[PDB]
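Worksheet: one structure, shown below.
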Amino acid sequence: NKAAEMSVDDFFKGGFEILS
Amino acid sequence: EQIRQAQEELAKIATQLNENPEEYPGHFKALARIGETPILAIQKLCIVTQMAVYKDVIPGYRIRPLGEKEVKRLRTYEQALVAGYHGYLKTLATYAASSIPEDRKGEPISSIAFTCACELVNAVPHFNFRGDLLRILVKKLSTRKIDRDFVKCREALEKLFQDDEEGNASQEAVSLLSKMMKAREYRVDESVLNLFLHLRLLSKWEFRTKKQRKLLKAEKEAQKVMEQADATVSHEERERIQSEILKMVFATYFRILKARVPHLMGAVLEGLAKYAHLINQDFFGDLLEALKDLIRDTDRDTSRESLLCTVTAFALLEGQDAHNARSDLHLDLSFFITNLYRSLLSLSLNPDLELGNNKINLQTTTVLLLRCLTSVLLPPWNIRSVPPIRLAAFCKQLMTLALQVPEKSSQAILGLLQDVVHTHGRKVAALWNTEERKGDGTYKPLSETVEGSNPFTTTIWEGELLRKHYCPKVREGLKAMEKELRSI
Amino acid sequence: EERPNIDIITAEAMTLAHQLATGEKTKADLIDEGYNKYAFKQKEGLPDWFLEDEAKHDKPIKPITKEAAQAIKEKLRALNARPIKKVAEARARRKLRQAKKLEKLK
Amino acid sequence: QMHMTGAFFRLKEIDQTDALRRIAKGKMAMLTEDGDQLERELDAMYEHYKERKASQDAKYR
Amino acid sequence: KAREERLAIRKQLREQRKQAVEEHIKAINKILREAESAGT
Amino acid sequence: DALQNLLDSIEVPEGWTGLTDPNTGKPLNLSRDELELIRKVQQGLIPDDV
Amino acid sequence: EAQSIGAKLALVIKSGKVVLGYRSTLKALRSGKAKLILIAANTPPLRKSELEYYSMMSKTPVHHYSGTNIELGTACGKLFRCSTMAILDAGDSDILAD
Amino acid sequence: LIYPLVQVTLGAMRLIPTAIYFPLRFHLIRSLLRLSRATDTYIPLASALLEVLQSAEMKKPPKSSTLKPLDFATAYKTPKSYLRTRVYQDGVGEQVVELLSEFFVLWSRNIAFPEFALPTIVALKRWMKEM
RNA sequence: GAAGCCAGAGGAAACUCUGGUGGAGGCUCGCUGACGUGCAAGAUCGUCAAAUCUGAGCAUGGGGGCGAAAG
């Protein structure tokens, strides 16, 4: 479940959480 | 203009050959000479029209050289067809290799040549001079410079590999690609390697007279015995060509591993994991041993390569065929499990964990770590027979991992242990309860083996640092794990 | 794109190679045995019907060692001869035959 | 819907031509040492014999 | 239950027949529309 | 190397014999001059040069 | 121009003179008063050659209809198939203008 | 506004890890330790400090040079004189020790210090063994 | 007793209902075992055996283990 969802490569771009 | 005159001749020849091609065998040579006009406008039109007509007139079989009335005319027409096609492919090859930069009046003549060559590959592979056609495409794929033509040539070969049902066209292209890769010392764009992953070989009462009825009865019996023999021969030829392609595909894979090309090893390991089940049993154990040597070499960048091999090793065993042959073929992943365990402490300090449908070739080392951990702790098979000591050892080390990793990596591990706690539960519950702590030894953090450490003799204390972590996602992630624990 | 490789596929050829690898017959011994009745036979300009007849009926009779035969079988073995799937079905087909034979006995 | 689910005389390539004027006009017409050669013959029959003897397998075919 | 089961098979059979001729009838019906309309 | 063994298994070397050299435990491989000698004898065309 | 050819075909029979079927068009061609002949695509080759021969000897223009006999009959508004058509009077259509 | 602040702080931190910006990188750590010490939030600098220690210059033997040691409070870059200087590698050497102690002394009392310091201890023993 | 067809009613139709014709595959009437899968502590699925009657002529097959089959 959660492990698979975070295992996809498009989770770790680098987008800052101030510029949403 | 003269282009109108040339256009009229093009329309004349093409329609004339479409309607009744046998009567005019010289139109193929006529399409040639009017193409040697020195205006680029007609040359573009001539090349496209030649592609159009040849797709119309090429038969469904090859024709042998003669050497040595209706029969004679067919011989002359077929001989004219081969001579024109041979000349056409030479002209297409010259234009493709010609200089691309020209006046910005549109796509150059080279782009049309690649378009024409790609169409012929997907339309008439069976016909003669397939190598000359495929050599145009492969020569484009040996340059390491992505442009529109490079993608077009790659897409054409992708289509050919996954639509080839016989195997002859696939084998000839695979031999060309393997030879080119060796000749370039593996300086290729790794989209050519992905072509190997697409190989499909590796995955109304009509009245009838008295004599008319007797001929059909004879024909049906002849066709029946021929169909039975054709079925048998098809199986043997398909298996033989599969072996030949498997020889070339696997030889290229291993020569890349031996030379250690950094930008190709991810693509190679995906291929090995995909096609290992198609080869002999005794070679399957060798693949695991070869993986161990690569890991041991890196133990002597480097973190990613060892994690790539570990991902491949588990993916090899996750196959159903390899899983059922665990006991018979002596496939033990204890080496990889231990090696993954002793590397967890070092991976925390690595700052490049985030510098980045595939199962092996993944660009993020953190993703590769999660795939290995999922294999060890959440296997597709025997998920509720996993040794509790192995679960506890990784669970404690993973909380230590979560302490000193980037925010997203820490969040990913936190989510992973949420699933681990949910699926197993009581096997790891004593780690978070101090009264259930074992008292038969002392915890050994830097053990050389998973069982060597005594993980049920310690307690997970890291929650008191991760509750004050700077990332709200991590704090919510930690609260997610305890909520699962409290619901156990 | 910018010498003929000799590939041994014959059982008798493997046998002679094994005798050279072992200290059984030396290079000098092989040259001496080459000067036999089959030596100095013309082949260059002779028709196929003449040559193919002799190739069928003029093959020297020489012993073949089991080690030479095994090496040829290993050398010519395909890469997809014994996958995990194929071996599994053969054993499964085996167990059925004894299972069915046991039923005919019952 | 259910219904839809040696050459003969043809006026296609004769139209707009002086041939059409000729045909439509309609007059009567009627249509009215070293043994090289010996070797080549011998090899020809040998190949035919080999092909014929191999073609009686139906798996060779 | 037997009433709907036979009705359900009948519905599937009629649906299969409709899916076979789902557009030929409309094309003929359309082509008949300009036939008697023509130029007026 | 394990990788070299896999390469040899997939594509057998020219001088591969399947034997083991007693002097050095590595596999015994024929050389080019030896392979020519087997080729000469098995065809018989040239028992000896010159 | 499939819509265009059908449009003039509908008007020509709705105003002018027309006959349908193989037997009627041969009589029209023999009469020498025919003006335009339409032959369906699925017409038997012997019937195509026969009609073209009579058309030439009468100098009656011939057109090869793209569709089949079924598509021809519906284009004419009739509920039956039709392989051959003979147009005797255009009526108020430009079918004979070209 | 703590989450966005340290995100951009570590971002401007990890832009280009080179010796030229080691003094620049050092100051960004001090800003983070002050924020973590005043509040009670965890900010992981163990990788950041050890990445300093495992660069090329502290592995390669230095060169004999004599000049004024640079004051690590007013510099955003390194003058070209310090590339293999004994003074520079000592100058960073005192720094990496200092922020490591400051980072570790902050959490020197929480229940989970031994595990919080275990990977750093192993790395430091490893680095000492190679040196 | 089904498709199919005819007639009437509701529905824009698709269709629904009623009354008929039609008589098909199919079903009916007369005097249990062996295995395989199982990813668990055995659930669910899949393969095979039981297979128109009869006169006069006629042909082929059969054991075991090893092996991927070819042998």
Side-chain angles (χ1 to χ4, degrees), chain B residues 229 231-240 242-243 246-247 276-285 314 317-329 331 333 374-387 390-391 423-427, chain C residues 9 11 64 66 69-70 72-106, chain D residues 1-2 57 59-60, chain E residues 2-30 32-33, chain F residues 9:
Chain B
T232 312
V233 169
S234 295
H235 184 72
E236 281 114 19
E237 223 41 35
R238 242 201 65 91
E239 189 182 0
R240 195 203 56 101
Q242 192 189 129
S243 177
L246 275 162
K247 231 160 256 161
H277 74 288
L278 298 183
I279 70 168
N280 291 330
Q281 284 186 169
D282 40 282
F283 289 3
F284 201 115
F314 289 124
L317 267 298
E318 279 149 70
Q320 156 141 354
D321 303 82
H323 182 77
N324 283 22
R326 276 155 32 228
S327 301
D328 305 62
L329 283 50
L331 314 163
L333 302 158
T374 311
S375 285
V376 175
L377 308 181
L378 297 145
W381 315 94
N382 293 312
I383 206 172
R384 36 194 290 270
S385 325
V386 189
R390 193 182 299 152
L391 280 170
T423 183
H424 297 118
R426 28 198 153 148
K427 278 169 186 89
Chain C
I9 56 196
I64 312 190
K66 275 183 296 230
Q70 260 308 69
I72 291 303
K73 271 183 244 142
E74 191 175 354
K75 187 178 179 178
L76 301 184
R77 178 150 142 294
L79 204 50
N80 48 14
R82 311 184 56 249
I84 307 181
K85 182 150 48 136
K86 288 236 274 281
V87 174
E89 325 278 47
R91 297 232 257 168
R93 280 196 312 265
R94 199 99 54 257
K95 295 230 170 29
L96 250 182
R97 206 180 20 265
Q98 290 63 335
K100 295 271 188 52
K101 179 176 71 69
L102 211 74
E103 296 316 12
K104 184 68 72 175
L105 165 156
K106 302 289 180 67
Chain D
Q1 194 272 336
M2 146 189 46
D57 181 351
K59 190 174 286 295
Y60 178 84
Chain E
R3 190 218 301 83
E4 31 259 37
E5 157 285 342
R6 141 199 85 218
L7 267 274
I9 299 299
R10 270 177 56 51
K11 292 290 185 181
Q12 191 268 332
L13 279 181
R14 293 301 106 86
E15 211 269 338
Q16 192 269 331
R17 261 67 171 271
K18 287 183 69 177
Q19 287 288 324
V21 300
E22 85 279 25
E23 50 65 29
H24 277 164
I25 310 297
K26 254 70 76 178
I28 271 166
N29 272 111
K30 157 266 297 166
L32 268 165
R33 279 173 185 174
Chain F
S9 66

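Within every chain, numbering begins at 1; the chains are lettered A, B, ... in the order of the sequence lines, protein sequences first and strands thereafter.
Nucleotides I:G61 and I:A41 are separated by 48 Å at their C1' atoms, to the nearest Å. Straight-line distance between the P atoms of I:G46 and I:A51: roughly 24 Å, to the nearest whole Å. A gap of 45 Å separates the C1' atoms of I:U44 and I:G22, to the nearest Å. Taking atom P on both I:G42 and I:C35, the two are 15 Å apart, rounded to the nearest angstrom. I:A2 and I:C27: their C1' atoms are spaced 12 Å apart (whole Å). On the P atoms, I:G20 is 13 Å away from I:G1, given to the nearest whole Å. With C1' as the reference atom, I:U37 and I:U47 are 11 Å apart, rounded to whole Å. Using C1' as the reference atom, I:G63 and I:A68 are 23 Å apart when rounded to the nearest Å.
For I:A68 with I:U44, the Watson-Crick or G-U wobble criterion does not hold with each of the two distances under 3.5 Å. Remark: I:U18 does not pair with I:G71, failing the Watson-Crick or G-U wobble criterion at under 3.5 Å for both atom pairs. Taken together, I:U28 and I:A56 do not qualify as a Watson-Crick or G-U wobble pair under the 3.5 Å criterion applied to both distances. With both hydrogen-bonding distances under 3.5 Å, I:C48 and I:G33 qualify as a Watson-Crick or G-U wobble pair.
Using a 4.0 Å heavy-atom distance criterion, C:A90 is classed as a sugar-phosphate-only contact. Among the protein residues, B:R384 comes within range of the sugar-phosphate backbone only, with heavy atoms under 4.0 Å from sugar or phosphate atoms but none that close to a base. Among the protein residues, C:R93 comes within range of the sugar-phosphate backbone only, with heavy atoms under 4.0 Å from sugar or phosphate atoms but none that close to a base. Counting non-hydrogen atoms under 4.0 angstrom, C:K101 reaches the backbone sugars and phosphates but no base.
Using a distance-only test at 3.5 Å, with no hydrogens or angles considered, a donor-acceptor pair links the side chain of B:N280 to the main chain of C:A81. With hydrogens and angles ignored, the 3.5 Å screen pairs a side-chain donor or acceptor of C:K86 with a backbone N or O of C:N80.
For I:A40, the OP1/OP2 oxygens have a side-chain nitrogen or oxygen of B:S385 closer than 4.0 Å. OP1 or OP2 of I:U16 lies within a sub-4.0 Å distance of a side-chain N or O belonging to E:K11. Side-chain N/O atoms of B:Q281 include none lying less than 4.0 angstrom from OP1 or OP2 on I:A68. Contact annotation: E:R6 does not reach the phosphate of I:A2 (side-chain N/O to OP1 or OP2, under 4.0 Å).
Nucleotide I:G67 holds its P atom 9 Å from the CZ atom of C:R82, rounded to whole Å. Here the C1' atom of nucleotide I:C35 and the CG atom of C:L105 are 17 Å apart, to the nearest Å. As a whole-Å value, the separation of E:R10 CZ from I:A2 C1' is 10 Å. Across the protein-nucleic acid pair, E:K18 atom NZ and I:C15 atom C1' stand 8 Å apart, rounded to whole Å.
A salt bridge links B:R240 with B:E237; the closest basic N to acidic carboxylate O contact falls under 4.0 Å. Electrostatic pairing of E:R10 and E:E4 does not count as a salt bridge here, judged by no charged N lying under 4.0 Å from a carboxylate O. Salt bridge annotation for B:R326-B:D321: absent, with no cationic side-chain nitrogen under 4.0 angstrom from a carboxylate oxygen.
In this entry I:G65 has no Watson-Crick or G-U wobble partner, no candidate having both defining distances under 3.5 Å. With a 3.5 Å ceiling on both atom-pair distances, I:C53 lacks any Watson-Crick or G-U wobble partner. Base pairing of I:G4: its partner is I:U21, meeting the Watson-Crick or G-U wobble criterion (both donor-acceptor distances under 3.5 Å).
Side chain of B:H323, nearest nucleotide from I:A69, I:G67, I:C39: I:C39. For B:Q320, the side-chain atoms get nearest to I:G38 when compared with the rest of I:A68, I:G38, I:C35.
In this structure, E:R3 and C:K100 both approach RNA chain I, and ranking their closest nucleotides by distance from the 5' end singles out E:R3. Annotation: of the two residues near RNA chain I, C:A78 and E:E15, the 5′-most nearest-nucleotide partner is E:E15.
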